[PDB]
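Examining the three-dimensional arrangement
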Amino acid sequence: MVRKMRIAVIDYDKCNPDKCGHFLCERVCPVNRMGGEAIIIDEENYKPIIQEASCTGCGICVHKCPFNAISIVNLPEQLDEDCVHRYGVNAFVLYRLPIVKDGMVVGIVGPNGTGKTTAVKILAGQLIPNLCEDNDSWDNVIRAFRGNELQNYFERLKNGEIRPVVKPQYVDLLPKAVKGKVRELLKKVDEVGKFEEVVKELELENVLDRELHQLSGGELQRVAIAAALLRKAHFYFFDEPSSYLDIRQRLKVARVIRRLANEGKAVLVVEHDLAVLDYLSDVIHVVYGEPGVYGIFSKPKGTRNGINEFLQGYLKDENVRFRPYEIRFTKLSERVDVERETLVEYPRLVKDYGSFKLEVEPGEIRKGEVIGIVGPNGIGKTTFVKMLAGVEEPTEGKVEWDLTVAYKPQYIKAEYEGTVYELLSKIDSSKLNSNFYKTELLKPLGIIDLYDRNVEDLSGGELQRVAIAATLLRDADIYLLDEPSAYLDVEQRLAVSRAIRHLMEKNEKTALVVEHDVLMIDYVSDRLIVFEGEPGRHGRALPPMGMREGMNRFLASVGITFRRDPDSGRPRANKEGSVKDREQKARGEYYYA
Ligand SMILES: Nc1ncnc2c1ncn2[C@@H]1O[C@H](COP(=O)(O)OP(=O)(O)O)[C@@H](O)[C@H]1O
Ligand SMILES: Nc1ncnc2c1ncn2[C@@H]1O[C@H](COP(=O)(O)OP(=O)(O)O)[C@@H](O)[C@H]1O
Ligand code: SF4
Ligand code: SF4
Ligand SMILES: [Mg+2]
């Protein structure tokens, strides 16, 4: 059997006809070479256009583009009949839609730029799908979904019977849309009368009297989650609630949100934190395809199965492989019995800012291991790191080591006039040419597609990746990475976990990683360091302990339990009040393996 459509997307924001000669496309294009119209010139808006009706998909134009403003993919005809929406000529297109279920939480996972948020505005009524045509009505939509269980949802959606509530992705815009303090907005938006329950569970008591613009990311995020739970509806759609929330906060909100399913409401959530997704979700959808080009929603899957196939990069039913390599967690019985040596040691430390005090318990750092640091923000994790980096003088104690350090800072504000390739090549040009470094670092994080860009012109997520890659291309005795997962989609977090683990493993080096993402911590860690106390007041970093003893100490502070997926080896979360959640807690066993 066979069947195949060609799909061309050109990121115009990257095209510049005057720099590549005269539309390098039509020139290099074989079809145009033999009097054909694969690539046509829009001599007005001055852009090139690929008439997919021609394009053999040979991909010559793609390789040639001096930047990379062209993508040509060969897909099977069949999806053409499940096309849901396309943003225009050579623009991004989405296939299929996720299913919403009364009384449950349907999770959604996949890399950004594959229509996760596109699916949300559509099911919420904000965007009427154009069926990859010129459609502008709901009736044509209802017809297209005849036979699907969504056909009815949409009939109702058009009638005005149901109207979903939405926690928007971009919370950093809320301030510049509303005015006043937090108490006011939450009063108005309230419709179920629970100003107290909500504001309390989300620990908003303080912020209440402050103003929108005086809020941080975490706070802003939380105020959004809040206004959403205060709404009296039936459909709730949360887009990326994990953002800006620390290890503790993000896990506590899933529990708050998931309870909506209990009240018999239909919940939908997009997530990049697998542990948060697992705990939340009853059903799950994977979205695969190339970012910015096209996206396809898989059939609904059981949280467990769905999440494992995800790690493998192969969706059995759909029968697709969206990632060359898999990502498997090492069982436990697979681990290696090793007596490591001490690399360096640190005495009791104390940093006192006057308004906030941190105390560090004495500890040993071993050569070749990886210690993950976890704890709520405002507790002293970064302060700690800066003392080992030496960029911070202790109030008491003293870290005088004779070692080289590679430090990937938490808040990086790119200020370097140059390109990514310039910056990296100046660190270690040879490694950039290494088949090992290109395979484990450079390609996985996508620093090749970034070489040409200027460091100052990079986005939060890109800058994160380049910093991480910069840090890891250096030769040091110890590596310090302060919160790598920030601004990274699900796929990027995984690539970085595998990278950090592989590179440290290969060159036999030691590293310390602060993280709020449970799966990354579990993946890269050999040991753990937990912080407790009163955020913003005092914090105490415990001594390095085993993973089990560690996760046990931290998790009890949140009230969540984890098992071990027999197959994947990944940490599997227990839903609030499950038989296992009960047994495990009764024995104070929050983490297995
Ligand atoms: N209004 C728009 N016009 C054109 N392209 C858009 C628009 N909104 C989103 N896109 C493109 O669609 C792709 C997927 O969009 P989005 O739903 O935001 O993705 P995800 O939620 O997976 O990050 C991105 O490449 C994005 O640039
Ligand atoms: N120079 C300073 N003066 C006063 N307070 C500070 C200073 N630097 C940090 N803090 C406060 O210390 C607390 C913890 O800081 P930090 O170690 O950065 O936390 P985290 O665990 O989020 O990394 C925060 O409440 C922060 O406002
Ligand atoms: S797509 Fe690439 S090669 Fe073609 S005009 Fe644009 S910049 Fe030039
Ligand atoms: S992929 Fe090949 S055939 Fe299609 S537009 Fe580019 S060069 Fe022409
Ligand atoms: Mg045209």
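Residues numbered from 1 in each chain as written, not as in the entry; some residues may be left out. Chains lettered and ligands numbered in written order. Heavy atoms only, no water.

Looking at the PDB entry, the protein carries the name ABC transporter ATP-binding protein, with the source organism given as Pyrococcus abyssi. Looking at the header, the entry is titled "Structure of the complete ABCE1/RNAase-L Inhibitor protein from Pyrococcus abysii".

**Considerations on the site of ligand 3**
In the region of ligand 3, the neighbouring residues are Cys15, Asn16, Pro17, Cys20, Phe23, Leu24, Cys25, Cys65, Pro66, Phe67 and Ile70. For the shell around ligand 3, the per-class residue count stands at 10 nonpolar, one polar and no charged. (Near = heavy atom within 4 Å. Nonpolar A, V, L, I, M, F, W, Y, C, P; charged D, E, K, R; others polar.)

**A look at the site of ligand 1**
Every residue near ligand 1 is listed here: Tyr87, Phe92, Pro111, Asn112, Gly113, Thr114, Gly115, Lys116, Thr117, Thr118 and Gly292. Here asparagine 112 contributes a side-chain N or O atom positioned 3.2 Å from an oxygen atom of ligand 1. Contacts to ligand 1 include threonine 114, whose backbone N or O atom sits 3.0 Å from an oxygen atom. In terms of residue class, the shell around ligand 1 is made up of three nonpolar, seven polar and one charged. (Polar contact = N/O pair within 3.5 Å; in protein donor to acceptor, adjacent residues only side chain to side chain.)

**A few points about the UniProt feature "binding site: [4Fe-4S] cluster 3" (unreviewed entry) in the protein**
As annotated in UniProt, the feature "binding site: [4Fe-4S] cluster 3" (unreviewed entry) corresponds to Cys29, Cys55, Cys58 and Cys61 in the numbering used here. The greatest C-alpha distance among the annotated residues, which extend across 33 residues, is 10.0 Å, indicating that they converge on a single site. Along the chain, the position of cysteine 29 falls in the loop between α1 (24-28) and α2 (30-33). Not counting the four nearest positions on each side in its chain, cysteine 29 is found in contact with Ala38 and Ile39. Under the relative-accessibility criterion, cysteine 58 is labelled partly exposed at 43%. (UniProt positions renumbered as here; feature names shortened; annotations may be inferred. Helix = DSSP H or I, 4+ residues; strand = E, 2+ residues; numbered from the N terminus. Contact = heavy atoms within 4.5 Å. Buried < 20%, exposed > 50% of the residue type's maximum accessible area, 1.4 Å probe, protein only.)

**A look at the nonpolar core**
By size, the foremost hydrophobic cluster in this structure holds 124 residues, and its most contacted members are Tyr95, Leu186, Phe238, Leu274, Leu441, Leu445 and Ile447. Sorting elements by how many residues they give to this core places helix α9 (residues 217-230) first, with nine residues. For this core, the two domains that each supply at least three residues are domain 1 (1-330) and domain 2 (331-593). If near-sequence neighbours (up to four positions away) are discounted, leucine 445 is found in contact with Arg465, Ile468, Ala469, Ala495, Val496 and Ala499. (Core = buried A, V, L, I, M, F, W, Y, C linked by side-chain atoms within 4.5 Å. Domains from an automatic or database assignment.)

**Points about the packing of aromatic side chains**
Going through the model one piece at a time under the given rule, you end up with 13 aromatic pairs. In this structure an aromatic cluster arises from ring pairing among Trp138, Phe145, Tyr153, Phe154, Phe235 and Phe237. In this structure, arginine 323 packs its charged tip against the face of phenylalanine 310, placed 5.9 Å from the ring centre. One residue, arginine 323, lies across the ring of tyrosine 325, its end atom 5.8 Å from the ring centre. (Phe/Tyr/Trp six-rings, centres within 6.5 Å; stacked < 30°, edge-to-face > 60°. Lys NZ or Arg CZ within 6 Å of the ring centre and 35° of its normal.)

**A short note on the packing of helix α14 (residues 420-433) against helix α15 (residues 435-445)**
Geometry of a packed helix pair, given as the angle between the helix axes and the separation of the axes. For the pair α14 and α15, the least separation of the axes is 5 Å and the interaxial angle reads 100°. Relative to α15, the element α14 is oriented roughly perpendicular. For the pair α14 and α15, the contacting residues are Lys431, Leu432 and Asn433 in the first and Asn435, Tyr437, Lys438 and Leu442 in the second. In the contact of α14 with α15, the residues fall into three nonpolar, two polar and two charged. (Axes fitted to C-alpha atoms, helices over the stretch in contact; angles between N-to-C directions. Parallel < 35°, antiparallel > 145°, perpendicular 65-115°, else oblique.)

**Looking at the pattern of salt bridges**
Across all of its chains, the model carries 45 salt bridges by this definition. The partner of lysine 158 in a salt bridge is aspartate 139, and the shortest N-O contact between them spans 2.6 Å. Residue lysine 158 is located in helix α6 (residues 150-159), and its partner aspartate 139 is located in helix α5 (residues 138-144); the two are separated by 19 residues in the primary sequence. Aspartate 139 sits in the partly exposed class, given a relative accessible area of 39%. The salt bridge involving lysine 301 is made with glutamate 309; its shortest N-O contact spans 3.7 Å. (Salt bridge = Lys/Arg side-chain N within 4 Å of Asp/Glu carboxyl O.)

**Regarding the pairing of strand β24 (residues 527-534)**
Here strand β20 (residues 370-374) runs beside β24; their pairing, made up of four bridges, is parallel. Within the sheet, the bridge partner assigned to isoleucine 371 lies in β24 and is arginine 527. Sheet topology places β24 next to strand β26 (residues 545-546); two bridges connect them, and they run antiparallel. Opposite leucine 528, over in β26, you have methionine 545 as the bridge partner. When β24 meets strand β25 (residues 538-541), the two strands line up antiparallel, connected through four bridges. Pairing of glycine 533 across the sheet is with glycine 539, part of β25. Counting the residues that bridge the hairpin from β24 to β25 gives three residues, and of these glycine 536 lies at a positive phi of roughly 80°. (Pairing = 2+ DSSP bridges.)

**Observations regarding the domain arrangement of the protein**
Each domain of the protein was delimited in the assignment, giving domain 1 (1-330) and domain 2 (331-593). A separation of 29 Å is found between the C-alpha centroids of domain 1 and domain 2. At the interface, 39 residues of domain 1 touch 43 residues of domain 2. Carbon and sulfur atoms make up 56% of the area that domain 1 and domain 2 hide from each other, which totals about 3700 Å². Run the count over domain 1 and domain 2 and you get eight salt bridges. Here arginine 304 makes a salt bridge to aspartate 565, at a shortest N to O gap of 3.0 Å. Here domain 1 and domain 2 share 23 residue pairs in polar contact between them. Those elements that place two or more of their residues in the side of domain 1 that touches domain 2 are α10 (247-262), α11 (274-280) and α12 (303-312). Among the elements that line the side of domain 1 that touches domain 2, the one with the most residues is α10, at eight residues. Of the residues assigned to the side of domain 1 that touches domain 2, the class counts are 17 nonpolar, eight polar and 14 charged. (Buried area = accessible area lost by both parts, 1.4 Å probe.)

**A few points about the environment of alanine 261**
Among the structural elements, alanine 261 can be located in helix α10. Sequence spacing of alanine 261 and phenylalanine 235 is 26 residues, and the spatial spacing of their C-alpha atoms is 10.0 Å. Once residues lying within four places of it in the same chain are set aside, the contact partners of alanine 261 are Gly103, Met104, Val105 and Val267.

**Some remarks on a negative patch on the surface**
A surface patch of negative charge is lined by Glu417, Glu422, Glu456 and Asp457. Looking at the secondary structure, you find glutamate 417 in the loop between β21 (405-408) and α14. (Patch = residues over 30% accessible without salt bridge, like charges linked within 9 Å, V, L, I, M, F, W, Y side chains within 5 Å. Areas by Shrake-Rupley, 256 points an atom, 1.4 Å probe, with all protein chains shown as cover. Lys, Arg positive; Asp, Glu negative; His and termini not counted. Charge placed at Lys NZ, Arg CZ, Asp CG, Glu CD.)

**So, the side chain of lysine 301**
In this fold, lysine 301 is placed in strand β13 (residues 301-302). On the basis of relative accessible area, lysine 301 is assigned to the buried category, the value being 8%.

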